[PDB]
There are 2 protein chains.
Amino acid sequence: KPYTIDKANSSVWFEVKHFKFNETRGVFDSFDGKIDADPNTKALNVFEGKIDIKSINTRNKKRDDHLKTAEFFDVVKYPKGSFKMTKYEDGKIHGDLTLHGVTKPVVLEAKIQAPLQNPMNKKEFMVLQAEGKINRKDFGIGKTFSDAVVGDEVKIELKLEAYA
Amino acid sequence: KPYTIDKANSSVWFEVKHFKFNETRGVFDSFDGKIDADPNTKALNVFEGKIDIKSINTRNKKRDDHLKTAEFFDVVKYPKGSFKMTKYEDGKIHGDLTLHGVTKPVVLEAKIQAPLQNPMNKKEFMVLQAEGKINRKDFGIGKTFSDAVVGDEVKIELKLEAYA
Ligand SMILES: CCCCCCCC/C=C\CCCCCCCCCCCC(N)=O
Ligand SMILES: CCCCCCCC/C=C\CCCCCCCCCCCC(N)=O
(Lines give C-alpha, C1' and ligand atoms only; values in the text may rest on other atoms or scores of the structure.)
(Ligands and ions follow the chains in the order given, each with its own letter.)
Protein backbone atom coordinates (compact mmCIF):
# COMPACT_ATOMS: atom_id res chain seq x y z
CA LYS A 1 0.00 0.00 0.00
CA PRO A 2 -0.03 2.55 -2.18
CA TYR A 3 -0.31 1.57 -5.89
CA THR A 4 0.09 3.21 -9.28
CA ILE A 5 -2.21 2.30 -12.14
CA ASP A 6 -0.36 0.89 -15.22
CA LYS A 7 -2.17 2.81 -18.02
CA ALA A 8 -1.14 0.52 -20.88
CA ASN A 9 -2.93 -2.37 -19.23
CA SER A 10 -5.80 -0.62 -17.43
CA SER A 11 -9.24 0.32 -18.71
CA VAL A 12 -12.52 2.21 -18.02
CA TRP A 13 -15.46 0.83 -20.01
CA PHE A 14 -19.14 1.49 -20.39
CA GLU A 15 -21.85 -0.46 -22.13
CA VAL A 16 -25.25 0.88 -23.12
CA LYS A 17 -28.20 -0.56 -25.07
CA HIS A 18 -28.59 0.76 -28.60
CA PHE A 19 -32.15 0.26 -29.96
CA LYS A 20 -32.88 -1.95 -26.90
CA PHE A 21 -30.99 -5.01 -28.11
CA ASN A 22 -27.47 -4.13 -29.27
CA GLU A 23 -24.84 -3.31 -26.65
CA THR A 24 -22.76 -0.32 -27.60
CA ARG A 25 -19.40 -0.22 -25.84
CA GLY A 26 -16.79 2.40 -25.32
CA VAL A 27 -13.95 3.61 -23.18
CA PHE A 28 -12.50 6.74 -21.76
CA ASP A 29 -8.98 6.67 -23.15
CA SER A 30 -7.71 9.14 -20.61
CA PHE A 31 -8.20 8.60 -16.86
CA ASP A 32 -6.23 8.86 -13.59
CA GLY A 33 -6.59 7.30 -10.10
CA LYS A 34 -5.24 6.74 -6.58
CA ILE A 35 -5.18 3.30 -4.96
CA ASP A 36 -4.02 2.22 -1.47
CA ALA A 37 -4.65 -1.37 -0.49
CA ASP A 38 -3.50 -4.25 1.60
CA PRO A 39 -2.71 -7.06 -0.91
CA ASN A 40 -3.02 -9.58 1.92
CA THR A 41 -6.59 -9.41 3.30
CA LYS A 42 -7.48 -7.52 0.06
CA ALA A 43 -8.80 -4.37 1.81
CA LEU A 44 -9.10 -1.16 -0.25
CA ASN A 45 -8.24 1.93 1.79
CA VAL A 46 -8.09 4.65 -0.90
CA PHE A 47 -9.81 4.57 -4.28
CA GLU A 48 -10.54 7.73 -6.32
CA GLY A 49 -10.30 8.53 -9.98
CA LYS A 50 -11.04 11.02 -12.74
CA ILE A 51 -11.97 10.57 -16.39
CA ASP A 52 -11.28 13.09 -19.10
CA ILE A 53 -14.60 13.26 -20.88
CA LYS A 54 -13.09 14.42 -24.19
CA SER A 55 -11.31 11.05 -24.41
CA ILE A 56 -14.59 9.08 -24.69
CA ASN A 57 -14.18 6.40 -27.45
CA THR A 58 -16.87 4.10 -29.01
CA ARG A 59 -14.83 4.03 -32.34
CA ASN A 60 -16.95 6.36 -34.46
CA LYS A 61 -16.30 10.05 -34.85
CA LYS A 62 -19.92 11.05 -35.51
CA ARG A 63 -21.25 9.42 -32.38
CA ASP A 64 -18.36 10.55 -30.18
CA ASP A 65 -18.56 14.20 -31.24
CA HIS A 66 -22.32 14.12 -30.61
CA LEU A 67 -21.49 12.64 -27.11
CA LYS A 68 -19.25 15.64 -26.13
CA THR A 69 -22.03 17.99 -27.20
CA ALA A 70 -24.58 19.72 -24.81
CA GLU A 71 -27.04 16.94 -25.88
CA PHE A 72 -25.04 14.42 -23.83
CA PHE A 73 -21.91 15.18 -21.79
CA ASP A 74 -21.33 18.95 -22.53
CA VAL A 75 -17.56 18.56 -22.47
CA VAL A 76 -17.02 22.37 -22.50
CA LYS A 77 -18.98 22.92 -19.28
CA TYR A 78 -17.94 19.64 -17.63
CA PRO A 79 -14.48 18.45 -18.81
CA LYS A 80 -14.21 15.78 -16.09
CA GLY A 81 -15.90 12.83 -14.39
CA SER A 82 -14.88 11.74 -10.89
CA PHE A 83 -15.32 8.93 -8.40
CA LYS A 84 -14.31 8.88 -4.74
CA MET A 85 -14.66 5.76 -2.58
CA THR A 86 -16.27 6.68 0.62
CA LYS A 87 -16.54 3.11 2.13
CA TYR A 88 -15.21 -0.41 1.39
CA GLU A 89 -16.84 -3.60 2.71
CA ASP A 90 -16.42 -7.12 1.45
CA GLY A 91 -16.25 -6.34 -2.26
CA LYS A 92 -18.50 -3.29 -2.17
CA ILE A 93 -16.99 0.00 -3.17
CA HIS A 94 -19.42 2.72 -2.04
CA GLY A 95 -18.59 6.14 -3.42
CA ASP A 96 -19.68 9.45 -4.89
CA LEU A 97 -19.79 9.54 -8.64
CA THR A 98 -19.83 12.92 -10.41
CA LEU A 99 -20.74 13.30 -14.11
CA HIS A 100 -22.22 16.22 -15.99
CA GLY A 101 -21.99 18.42 -12.87
CA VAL A 102 -24.17 16.03 -10.75
CA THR A 103 -22.85 13.78 -7.84
CA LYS A 104 -24.85 10.67 -6.65
CA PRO A 105 -23.92 7.97 -4.25
CA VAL A 106 -23.31 4.67 -6.02
CA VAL A 107 -21.93 1.22 -5.30
CA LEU A 108 -19.51 -0.72 -7.51
CA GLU A 109 -19.06 -4.47 -7.02
CA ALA A 110 -15.35 -5.20 -6.95
CA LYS A 111 -12.80 -7.98 -7.11
CA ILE A 112 -9.09 -7.78 -6.12
CA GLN A 113 -6.40 -10.34 -7.04
CA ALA A 114 -3.13 -9.71 -5.15
CA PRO A 115 -0.27 -10.10 -4.44
CA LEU A 116 0.75 -10.82 -8.05
CA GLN A 117 4.17 -10.78 -9.74
CA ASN A 118 4.77 -9.51 -13.26
CA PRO A 119 6.48 -12.53 -14.84
CA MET A 120 8.78 -10.22 -16.86
CA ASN A 121 10.13 -7.45 -14.66
CA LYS A 122 9.50 -9.31 -11.31
CA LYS A 123 7.48 -6.32 -9.95
CA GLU A 124 4.58 -6.76 -7.57
CA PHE A 125 1.16 -5.75 -8.73
CA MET A 126 -2.56 -6.23 -8.19
CA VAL A 127 -5.56 -6.53 -10.53
CA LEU A 128 -8.56 -4.48 -9.45
CA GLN A 129 -11.82 -5.02 -11.40
CA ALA A 130 -15.08 -3.29 -10.63
CA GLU A 131 -18.57 -3.13 -12.09
CA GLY A 132 -21.59 -0.97 -11.50
CA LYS A 133 -24.66 0.34 -13.23
CA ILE A 134 -26.12 3.85 -13.16
CA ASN A 135 -28.95 5.67 -14.94
CA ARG A 136 -27.43 8.31 -17.32
CA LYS A 137 -30.65 10.39 -16.76
CA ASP A 138 -30.00 10.64 -13.01
CA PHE A 139 -26.95 12.72 -14.05
CA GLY A 140 -29.00 14.64 -16.67
CA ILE A 141 -27.02 13.04 -19.51
CA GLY A 142 -29.18 12.93 -22.67
CA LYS A 143 -32.71 13.67 -21.37
CA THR A 144 -33.99 14.12 -24.90
CA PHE A 145 -33.02 10.55 -25.91
CA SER A 146 -35.58 7.85 -25.16
CA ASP A 147 -34.64 4.49 -23.61
CA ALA A 148 -35.70 2.69 -26.83
CA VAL A 149 -32.87 4.41 -28.76
CA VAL A 150 -30.20 4.85 -26.03
CA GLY A 151 -30.62 2.70 -22.88
CA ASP A 152 -31.17 4.75 -19.66
CA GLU A 153 -29.04 2.20 -17.85
CA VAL A 154 -25.29 2.25 -18.18
CA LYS A 155 -22.98 -0.57 -17.17
CA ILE A 156 -19.53 0.65 -15.87
CA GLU A 157 -16.59 -1.69 -15.72
CA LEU A 158 -13.13 -0.79 -14.47
CA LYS A 159 -10.23 -3.15 -15.20
CA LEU A 160 -7.06 -2.03 -13.47
CA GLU A 161 -3.57 -3.36 -13.18
CA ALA A 162 -1.75 -1.43 -10.44
CA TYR A 163 1.92 -1.60 -9.33
CA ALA A 164 2.96 -1.33 -5.68
CA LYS B 1 -33.27 -11.90 -46.63
CA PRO B 2 -30.54 -10.55 -47.59
CA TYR B 3 -29.33 -8.02 -44.94
CA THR B 4 -26.62 -5.35 -44.99
CA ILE B 5 -24.51 -4.76 -41.90
CA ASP B 6 -24.51 -1.20 -40.53
CA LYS B 7 -20.75 -0.78 -39.80
CA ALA B 8 -21.36 2.26 -37.60
CA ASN B 9 -23.35 0.17 -35.13
CA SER B 10 -21.63 -3.24 -35.48
CA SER B 11 -18.47 -4.54 -33.88
CA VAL B 12 -16.10 -7.50 -33.71
CA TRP B 13 -14.62 -8.02 -30.25
CA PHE B 14 -12.07 -10.32 -28.71
CA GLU B 15 -11.09 -10.80 -25.07
CA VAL B 16 -8.09 -12.64 -23.67
CA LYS B 17 -6.55 -13.06 -20.18
CA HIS B 18 -3.53 -10.85 -19.42
CA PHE B 19 -1.23 -12.25 -16.66
CA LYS B 20 -4.06 -14.70 -15.85
CA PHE B 21 -6.24 -12.30 -13.92
CA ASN B 22 -7.13 -9.29 -16.04
CA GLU B 23 -8.79 -9.14 -19.47
CA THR B 24 -7.42 -7.39 -22.45
CA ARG B 25 -10.27 -6.49 -24.84
CA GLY B 26 -10.08 -5.25 -28.36
CA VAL B 27 -11.58 -4.95 -31.77
CA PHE B 28 -11.02 -5.20 -35.46
CA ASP B 29 -12.02 -1.73 -36.64
CA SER B 30 -12.51 -2.91 -40.17
CA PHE B 31 -14.55 -5.88 -41.35
CA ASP B 32 -16.99 -7.08 -44.00
CA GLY B 33 -19.83 -9.49 -44.19
CA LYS B 34 -22.76 -11.20 -45.77
CA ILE B 35 -26.00 -12.20 -43.94
CA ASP B 36 -29.21 -13.84 -45.19
CA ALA B 37 -31.84 -14.73 -42.64
CA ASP B 38 -35.49 -15.26 -41.81
CA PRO B 39 -36.83 -12.59 -39.32
CA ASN B 40 -39.51 -14.99 -38.06
CA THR B 41 -38.32 -18.50 -37.07
CA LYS B 42 -34.88 -16.83 -36.71
CA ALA B 43 -33.15 -19.18 -39.16
CA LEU B 44 -29.73 -18.09 -40.40
CA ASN B 45 -29.08 -19.16 -44.02
CA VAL B 46 -25.84 -17.36 -44.91
CA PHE B 47 -23.27 -15.95 -42.46
CA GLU B 48 -19.77 -15.17 -43.58
CA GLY B 49 -17.28 -12.35 -42.89
CA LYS B 50 -13.73 -11.09 -43.31
CA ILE B 51 -11.69 -8.91 -40.93
CA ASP B 52 -8.68 -6.76 -41.93
CA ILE B 53 -5.96 -7.81 -39.49
CA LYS B 54 -4.15 -4.45 -39.71
CA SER B 55 -7.30 -2.83 -38.11
CA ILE B 56 -6.61 -4.61 -34.81
CA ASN B 57 -7.06 -2.13 -31.93
CA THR B 58 -6.67 -2.76 -28.16
CA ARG B 59 -5.83 1.03 -27.71
CA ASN B 60 -2.10 0.49 -27.12
CA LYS B 61 0.57 1.13 -29.84
CA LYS B 62 3.44 -0.95 -28.43
CA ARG B 63 0.99 -3.84 -27.98
CA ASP B 64 -0.86 -3.48 -31.26
CA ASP B 65 2.47 -3.16 -33.14
CA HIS B 66 3.60 -6.43 -31.54
CA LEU B 67 0.35 -8.21 -32.41
CA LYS B 68 0.96 -7.43 -36.11
CA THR B 69 4.55 -8.89 -36.04
CA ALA B 70 5.43 -12.53 -36.97
CA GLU B 71 5.42 -13.09 -33.16
CA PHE B 72 1.52 -13.15 -33.38
CA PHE B 73 -0.59 -12.42 -36.53
CA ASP B 74 2.09 -11.55 -39.16
CA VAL B 75 -0.26 -9.06 -40.95
CA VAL B 76 2.35 -8.59 -43.71
CA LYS B 77 1.89 -12.30 -44.65
CA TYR B 78 -1.75 -12.92 -43.59
CA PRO B 79 -3.58 -9.61 -44.09
CA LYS B 80 -7.04 -11.09 -43.49
CA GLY B 81 -9.05 -13.41 -41.30
CA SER B 82 -12.34 -14.96 -42.39
CA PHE B 83 -15.35 -16.93 -41.23
CA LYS B 84 -18.04 -18.82 -43.14
CA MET B 85 -21.02 -20.49 -41.57
CA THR B 86 -21.37 -24.05 -42.46
CA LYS B 87 -24.57 -25.09 -40.72
CA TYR B 88 -27.15 -23.32 -38.48
CA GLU B 89 -28.76 -25.47 -35.74
CA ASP B 90 -30.69 -24.79 -32.48
CA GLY B 91 -29.09 -21.35 -31.96
CA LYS B 92 -25.58 -22.41 -33.01
CA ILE B 93 -23.50 -21.10 -35.90
CA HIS B 94 -21.16 -23.94 -37.01
CA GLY B 95 -18.41 -22.75 -39.37
CA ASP B 96 -14.78 -22.49 -40.51
CA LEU B 97 -12.49 -19.71 -39.20
CA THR B 98 -9.27 -18.89 -40.99
CA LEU B 99 -6.52 -17.00 -39.14
CA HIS B 100 -2.76 -16.95 -39.65
CA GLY B 101 -3.16 -19.34 -42.55
CA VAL B 102 -4.95 -22.01 -40.60
CA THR B 103 -8.62 -23.00 -40.91
CA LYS B 104 -10.38 -24.82 -38.06
CA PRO B 105 -14.04 -25.59 -37.23
CA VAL B 106 -15.61 -23.26 -34.66
CA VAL B 107 -19.08 -23.11 -33.05
CA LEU B 108 -20.64 -19.76 -32.18
CA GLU B 109 -23.71 -19.29 -29.98
CA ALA B 110 -26.09 -16.89 -31.66
CA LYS B 111 -28.89 -14.65 -30.53
CA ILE B 112 -31.20 -13.04 -33.11
CA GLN B 113 -33.57 -10.12 -32.39
CA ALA B 114 -35.84 -9.71 -35.39
CA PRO B 115 -37.96 -8.24 -36.84
CA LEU B 116 -36.95 -4.89 -35.48
CA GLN B 117 -38.02 -1.47 -36.68
CA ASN B 118 -35.73 1.57 -36.65
CA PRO B 119 -37.69 4.12 -34.54
CA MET B 120 -36.39 7.03 -36.62
CA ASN B 121 -36.61 6.00 -40.28
CA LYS B 122 -39.09 3.06 -39.83
CA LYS B 123 -36.76 0.75 -41.85
CA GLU B 124 -36.61 -2.92 -40.85
CA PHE B 125 -33.53 -4.40 -39.14
CA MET B 126 -32.24 -7.18 -36.92
CA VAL B 127 -29.67 -7.47 -34.12
CA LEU B 128 -27.43 -10.52 -34.36
CA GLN B 129 -25.18 -11.51 -31.49
CA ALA B 130 -22.63 -14.27 -31.70
CA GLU B 131 -20.19 -15.49 -29.07
CA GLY B 132 -17.55 -18.25 -28.95
CA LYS B 133 -13.94 -19.05 -28.09
CA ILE B 134 -10.84 -20.37 -29.81
CA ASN B 135 -7.31 -21.33 -28.73
CA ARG B 136 -5.07 -18.89 -30.42
CA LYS B 137 -2.39 -21.62 -30.46
CA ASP B 138 -4.61 -23.84 -32.56
CA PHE B 139 -4.00 -21.25 -35.33
CA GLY B 140 -0.29 -20.84 -34.53
CA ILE B 141 -0.61 -17.32 -33.12
CA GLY B 142 1.91 -16.41 -30.41
CA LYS B 143 3.40 -19.88 -29.87
CA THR B 144 6.32 -18.27 -27.92
CA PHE B 145 4.01 -16.59 -25.40
CA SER B 146 3.07 -18.58 -22.32
CA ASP B 147 -0.67 -18.93 -21.25
CA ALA B 148 0.27 -17.27 -18.00
CA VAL B 149 1.29 -14.13 -19.81
CA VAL B 150 -1.28 -14.18 -22.65
CA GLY B 151 -4.27 -16.48 -22.43
CA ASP B 152 -4.42 -19.28 -24.99
CA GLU B 153 -8.20 -19.04 -24.87
CA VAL B 154 -9.72 -16.14 -26.82
CA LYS B 155 -13.42 -15.20 -26.48
CA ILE B 156 -14.97 -13.86 -29.74
CA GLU B 157 -18.03 -11.58 -29.70
CA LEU B 158 -19.85 -10.40 -32.80
CA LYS B 159 -22.35 -7.53 -32.31
CA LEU B 160 -24.14 -6.60 -35.53
CA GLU B 161 -27.05 -4.44 -36.52
CA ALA B 162 -28.07 -5.37 -40.05
CA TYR B 163 -30.70 -3.72 -42.31
CA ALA B 164 -32.93 -5.56 -44.74
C1 LIG C 1 -10.71 4.99 -12.41
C2 LIG C 1 -11.09 4.97 -10.91
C3 LIG C 1 -12.39 5.73 -10.67
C4 LIG C 1 -13.37 5.53 -11.83
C5 LIG C 1 -13.92 6.82 -12.46
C6 LIG C 1 -15.30 6.33 -12.95
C7 LIG C 1 -15.81 7.16 -14.04
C8 LIG C 1 -17.02 6.48 -14.62
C9 LIG C 1 -16.75 5.57 -15.66
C10 LIG C 1 -17.81 5.45 -16.53
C11 LIG C 1 -18.87 6.28 -16.16
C12 LIG C 1 -20.14 6.25 -17.07
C13 LIG C 1 -20.12 7.32 -18.19
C14 LIG C 1 -21.43 7.14 -18.98
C15 LIG C 1 -21.15 6.65 -20.41
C16 LIG C 1 -22.42 6.44 -21.27
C17 LIG C 1 -22.36 7.41 -22.47
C18 LIG C 1 -23.57 7.35 -23.39
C19 LIG C 1 -23.28 6.40 -24.54
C20 LIG C 1 -24.38 6.46 -25.60
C21 LIG C 1 -24.12 5.46 -26.75
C22 LIG C 1 -24.70 5.93 -28.09
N23 LIG C 1 -25.42 5.05 -28.74
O24 LIG C 1 -24.46 7.05 -28.52
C1 LIG D 1 -17.38 -12.49 -39.22
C2 LIG D 1 -15.90 -12.02 -39.10
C3 LIG D 1 -14.89 -13.15 -38.98
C4 LIG D 1 -13.85 -12.91 -37.88
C5 LIG D 1 -14.22 -13.67 -36.58
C6 LIG D 1 -13.03 -13.71 -35.66
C7 LIG D 1 -13.12 -12.69 -34.52
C8 LIG D 1 -11.75 -12.48 -33.83
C9 LIG D 1 -10.94 -13.58 -34.06
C10 LIG D 1 -9.76 -13.85 -33.37
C11 LIG D 1 -9.35 -13.05 -32.36
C12 LIG D 1 -7.94 -13.40 -31.86
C13 LIG D 1 -7.52 -12.20 -31.03
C14 LIG D 1 -6.38 -12.53 -30.07
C15 LIG D 1 -5.45 -11.32 -29.94
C16 LIG D 1 -4.37 -11.60 -28.87
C17 LIG D 1 -4.36 -10.38 -27.95
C18 LIG D 1 -3.11 -10.37 -27.06
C19 LIG D 1 -3.14 -9.08 -26.25
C20 LIG D 1 -1.95 -9.01 -25.27
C21 LIG D 1 -0.63 -9.36 -25.95
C22 LIG D 1 0.56 -8.85 -25.14
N23 LIG D 1 1.78 -9.31 -25.44
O24 LIG D 1 0.36 -7.99 -24.29
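Note on naming: letters A, B, ... go to the chains in the order of the sequence lines (proteins, then strands), and numbering restarts at 1 for each one. When reading the values below, keep in mind they use all heavy atoms of this one structure, side chains included, and skip hydrogens, waters and symmetry mates.
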Exercise. Answer whether the closest heavy-atom distance between the side chains of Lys7(A) and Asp32(A) falls below 4.5 Å.
Key: yes
Quiz item: Which bit of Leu116(A) comes within less than 4.5 Å of chain B, counting heavy atoms only: side chain, backbone, both or neither?
Solution: side chain
Quiz item: Where on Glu23(A) is there a heavy atom nearer than 4.5 Å to chain B: the side chain, the backbone, both, or neither?
Solution: both
Self-check item: Which of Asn118(B), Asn57(B), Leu128(B), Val149(B) touches chain A most, by non-hydrogen pairs under 4.5 Å
Solution: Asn118(B)
Quiz prompt | Polar contact flag, side-chain donor to acceptor under 3.5 angstrom, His100(A)-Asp74(A) | solution = no
Self-check item: Engaged part of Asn22(A) at the chain B interface, taking heavy atoms whose separation is under 4.5 Å
Solution: both
Quiz item: Tell me, do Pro115(A) and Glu124(A) make a side-chain contact under 4.5 Å, heavy atoms counted?
Solution: yes
Quiz item: Does any heavy atom of chain A fall under 4.5 Å from the side chain of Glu157(B), the backbone, both, or neither of them?
Solution: side chain
Self-check item: Salt bridge flag under 4.0 Å for residues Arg59(B) and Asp64(B)
Solution: no
Practice problem: With a 4.5 Å cut-off on heavy-atom pairs, point out which of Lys159(A), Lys20(A), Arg25(A) contacts chain B the most. | Solution: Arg25(A)
Exercise. Inspect the contact between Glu153(B) and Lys155(B) and indicate whether a charged nitrogen and a carboxylate oxygen are less than 4.0 angstrom apart.
Key: no
